[PDB]
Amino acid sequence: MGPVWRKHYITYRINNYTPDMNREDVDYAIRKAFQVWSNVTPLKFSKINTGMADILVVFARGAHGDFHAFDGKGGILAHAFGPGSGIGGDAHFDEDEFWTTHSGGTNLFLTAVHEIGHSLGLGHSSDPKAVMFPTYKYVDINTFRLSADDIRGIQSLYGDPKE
C-alpha cells in the first residue's frame, strides 16, 4: 500500500497561468481533468482562489525550487507529487511546452489527467492504452476515456462512486 488522500473532499488552486491559452481554457482543462477521476471514485474536487489548497497547480520552467528542474521544450512535460502534506499532491507543468486546448502542441487536459493521477497516488502503467502510460500521446478530448487499467488502479485506492 501507498499514500492516499485521507478525505473525499479535495481542493485545488491554480497558482499561476500559462500565457499559451486564455484563463477560461486553463481553468476548464484543469476542471475537466479532475472530473475524469471524480467520475470513477467517491472523490470531490473544488477550485479555491485563496488559502492553502490540497493540490497546487503550477506552471514553471527549468529549476523552480523542488529539486526536480524542468528541461526546456520537449522531454518531461510535467510532474506531480503523490498525496502528502506541503508539496504533496502538487502538479507542475513545464512552462517551456506550448500548452493547447487541442492538438496544436502539448494538450493541457490530457497532460493534467495524467498528472492528477499522480497527485491521487497512481504510478505508471505498462498498458499502452492507459492515461498513466509514461508516454504522452494525443487523443481527441471528446473521445477520451480512462482505460480499464486506470479505473481499476484508481478504485483500488479510493473505491468506486456511491449509490
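Each residue number is its position in the shown sequence, starting from 1.
**Q** Taking the recorded C-alpha temperature factors, which stretch has the higher mean, 3 to 11 or 152 to 160?
**A** Per the PDB entry, the higher value belongs to 3 to 11.
**Q** Going by the mean C-alpha B-factor recorded in the entry, which is higher: 63 to 71 or 90 to 98?
**A** Averaged over C-alpha atoms, the B-factors run higher in 63 to 71.
**Q** Per the PDB entry, which option out of 111, 119, 38, 103 has the greatest Cα B factor?
**A** Comparing C-alpha B-factors across 111, 119, 38, 103, the maximum falls on 103.
**Q** Which one of 52, 57, 29, 132 shows the top CA temperature factor in the record?
**A** The C-alpha B-factor peaks, among 52, 57, 29, 132, at 52.
**Q** Taking the values exactly as deposited, rank residue 125 by C-alpha B-factor within its chain and report the matching third: lowest, middle or highest.
**A** Middle third.
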